[PDB]
Structures are given as C-alpha cells and as structure tokens.
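Each chain is listed here by its residues.
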There are 2 protein chains.
Amino acid sequence: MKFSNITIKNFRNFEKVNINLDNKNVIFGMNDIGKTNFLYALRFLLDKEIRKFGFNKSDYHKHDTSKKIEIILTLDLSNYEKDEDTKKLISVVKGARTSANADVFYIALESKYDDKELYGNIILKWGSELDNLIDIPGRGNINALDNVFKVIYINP
Amino acid sequence: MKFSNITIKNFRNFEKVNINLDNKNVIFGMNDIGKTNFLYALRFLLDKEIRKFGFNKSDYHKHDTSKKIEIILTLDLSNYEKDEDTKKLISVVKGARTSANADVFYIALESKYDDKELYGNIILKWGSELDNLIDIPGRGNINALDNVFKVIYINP
C-alpha cells in the first residue's frame, strides 16, 4: 500500500493543514514546533503509548475554542491486478468496506471535548467511506488496529 | 452498598487467597509485600491509571506457571425495602442483572496470557451471577465502570 494524504482539522498548532503523503517521507522547515507536532499527531494516530494518555487541555488551537480534533489518514488499499497482495491486505478487517470493489481506505481520529471531566476520550474509527464511519473493535484494551501497524520510534 | 468479599486467584504474591470485606477496612500485619500487593490489586480493579498500563511479566506467581489472573469483588447491590437507594444504585447498569429480584453483584478482572506479544491485555467483565459474565462497554478509552467508582489515593 501507499499513503496518500493527511488532514489535521485541529491540534495544538494546526488549523486546516492538509499534507499529501507517500512512502519515505522527509519533513523539514523553519518551524520546529510544527514538525514535532506533526510527528506527535502521527504518534497519536498510530501508537498506543501516546493514545492511552488521552488529550490534555493544552493540546488545542485555542484552549476553549473549537474543541473538535480530527486527524484523518488515507491508505490506498488497492494493489495492482498482477499482484495478489490485495486480498491479504483487505482480509485483516471484514466489515469496514461494504463493497469489494472499493479503492481507498480511511483511518480517522476523534476527540471528545474537554469541558467536562477534564479528559480527552480518544475515539478511533476506520471505514472505506467518510460517511457512516464505524468504530475500531477493541475487545479488551488492545484494539484491532494495533495488530496491523507497529510503530518503532527512534530518537537520540 | 456494602463490600462482601474479594478473591485473588493469582497475583505476584497470592495463590488462593479469599478475604471477606466490608466498609471501612483496616489491613495490617508483618508481611508488607502482601499488603501493598492487595492495595495494588485494588488499584488494578477500580483505578484506570494503573489499569491502562496492562500486566507485565513480573506480576505472576511464578514467571511462567499458572498464567490466569482473576480478581473478583462482590458488591451486595440490594438495600433495605424502606429506602429508595436500591433503584438509583441499580440504574447505573441495565443489561448486567437479568432479574429485578437479584441480590448480589459481581465485578471480575481477567488477564490474557503473557506468552505472546509481551502485554497483559486487561479484560474486565461484571454480572449479577458468576456464570455468563458480560463485558463492560467501553466506547472510547473510558469504560462504564469508570463513571461508577472514583478512587482517591493518599500517600505522603
């Protein structure tokens, strides 16, 4: 598969940033805070060690305005017709894609507002279409996405 | 509501320990490790900040023998017939208790084997009877038992 794009609808430093993606991505620039918050957004979407802590009040654009954090990722689930990797790639999930002829896949994140109980409540949803998004099945503490993607973080 | 008993089927220091319970409990003795492991078992049951870390390899009786941790707490859900706290105590849950004339309530903890993937995977289930225990619905990172019990831990 091949990553297509990422949209961050709200974060601690982002307002409506949409970045097209691929494999072997390289990020640079003047703003170090934006790069480290992009990497923290990737950790929040793709790792359990940052997901289990929840969202804190300081991780918003304004600390009380527009309390709705959405981080969307696209997967491009379809492979070539000469390679049989499509069925092995699809068969990890069953009910996410309604039709077998779908082209792309979505992974989304949703944050409950921090007005009451002062806690983030990370909710993970996937699905083949943006409308009628469905939850990720977690039978205990480990959800179904954690068996698919393993994130190894390297920092000197 | 009045605690009845606690059963620890396996822990880092317990084998077949069953302790009767009540409110306003005082624990003392020569063995400090048993007291702190009893308190840690209570923290693993009713506090989320220790529940979210899962179980390690060292939290077993022997490090490869009898990998089945069960911690059972009895609740005594029924109250007196002249006080209307019974309905307000029952109405936090709906599908756990099959009959309205049920007397006792169970809260159980289950830990998967640590042989594969090196993680504990805490599974929590409650129910009015010991058999056919149903899972607590956790829609995000917070289950329904979190809104019931608030644990305040004091240690200088």
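Residues numbered from 1 in each chain as written, not as in the entry; some residues may be left out. Chains lettered and ligands numbered in written order. Part of a larger assembly, values for the part shown. Heavy atoms only, no water.

Looking at the method and resolution fields of the entry, one finds cryo-EM and 3.39 Å.

Looking at the PDB entry, one finds chain A named Endonuclease GajA, with Bacillus cereus as its source organism.

Moving on to unusual backbone geometry. Residue and element names in this part refer to chain A. Unusually for a residue other than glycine, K24 sits at a positive phi of about 60°. Structurally, the position occupied by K24 is in the loop between strand 2 (17-20) and helix 1 (32-46). If you check the backbone angles, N121 has positive phi at about 60° while not being a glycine. Along the chain, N121 falls in the loop between strand 4 (106-111) and strand 5 (122-127). (Helix = DSSP H or I, 4+ residues; strand = E, 2+ residues; numbered from the N terminus.)

We now examine helix 1 (residues 32-46) of chain B. Residue and element names in this part refer to chain B. For helix 1, built from 15 residues, the straight-helix expectation of 21 Å at 1.5 Å per residue is met to within 8% by its first-to-last C-alpha distance of 21 Å. Inspection of helix 1 places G34, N37, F38, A41, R43, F44, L45 and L46 among the buried residues, and these make up the whole buried set. Each element contacted by the buried residues of helix 1 is listed here: strand 1 (5-8), strand 2 (17-20), helix 2 (48-51), strand 3 (69-74), strand 4 (106-111) and strand 5 (122-127). (Expected span 1.5 Å × (residues − 1). Buried < 20%, exposed > 50% of the residue type's maximum accessible area, 1.4 Å probe, protein only. Contact = heavy atoms within 4.5 Å.)

Looking now at the interface of chain B and chain A. Counting residues at the interface gives 12 residues for chain B and 12 residues for chain A. Buried surface at the junction of chain B and chain A, summed over both partners, amounts to about 1200 Å²; 49% is from carbon and sulfur atoms. Along the contact surface separating chain B from chain A lie one salt bridge. Linking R139 of chain A and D135 of chain B is a salt bridge whose minimum nitrogen-to-oxygen distance equals 3.8 Å. Seen at the junction of chain B and chain A, the total is five residue pairs in polar contact. In terms of residue class, the side of chain B that touches chain A is built from five nonpolar, three polar and four charged. (Buried area = accessible area lost by both parts, 1.4 Å probe. Salt bridge = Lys/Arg side-chain N within 4 Å of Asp/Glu carboxyl O. Polar contact = N/O pair within 3.5 Å; in protein donor to acceptor, adjacent residues only side chain to side chain. Nonpolar A, V, L, I, M, F, W, Y, C, P; charged D, E, K, R; others polar.)

When chain B is fitted to chain A, the best match, at an RMSD of 0.2 Å, comes from turning it 180° and sliding it 0.0 Å along the axis. Seen this way, the second copy is the image of the first under a two-fold rotation axis. Rotation axis and chain B: the residue whose C-alpha lies nearest the axis is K52 of chain B, separated from it by 3.4 Å. A symmetric contact is evident, with 92% of the interface residues of chain B recurring at the interface of chain A. (Least-squares fit on C-alpha atoms.)

Empty space within the largest pocket amounts to approximately 1500 Å³. Along its surface, the largest pocket is lined by 48 residues, and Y119 of chain A together with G140, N141, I142 and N143 of chain B are the ones closest to its centre. When grouped by side-chain class, the residues that make up the lining of the largest pocket number 20 nonpolar, 10 polar and 18 charged. The volume enclosed by the second largest pocket comes to roughly 680 Å³. In terms of lining, the second largest pocket is formed by 22 residues, of which the most central are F3, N25, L39, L42 and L46 of chain B. (1 Å grid on protein atoms, 1.4 Å probe; cavity = no way out; pocket = protein on both sides within 12 Å on 5 of 7 lines; lining within 4 Å. Points joined across faces, edges and corners; volume = space filled by probe spheres on them.)

So, on to the sheet that holds strand 2 of chain B. All names here are of chain B. One open sheet accounts for six strands, arranged 2-1-3-4-5-6; its pairing is antiparallel. A single partner strand is all that each edge strand has here, and the edge strands are strand 2 and strand 6 (134-135). Note: strand 1 against strand 3, three bridges, orientation antiparallel. Looking across to strand 3, one finds that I8 is bridged to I71. (Pairing = 2+ DSSP bridges.)

Here the focus is the pattern of salt bridges. Residue and element names in this part refer to chain A. Within this structure, the stated rule accounts for 12 salt bridges over all chains. The partner of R43 in a salt bridge is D47, with the nearest N and O atoms 3.9 Å apart. We note that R43, like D47, is buried. We note a salt bridge from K68 to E70, for which the minimum N-O separation is 3.0 Å.

All right, on to the pairing of strand 3 (residues 70-74) of chain A then. All names here are of chain A. In terms of burial, strand 3 is largely enclosed, as four of its five residues are buried. Of the strand pairs in this sheet, strand 1 (residues 5-8) and strand 3 are connected by three bridges, and their pairing is antiparallel. If you follow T7 over to strand 3, its bridge partner there is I72. Sheet analysis places strand 3 next to strand 4, joined by five bridges and oriented antiparallel. By the bridge assignment for strand 4, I72 is matched with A108.

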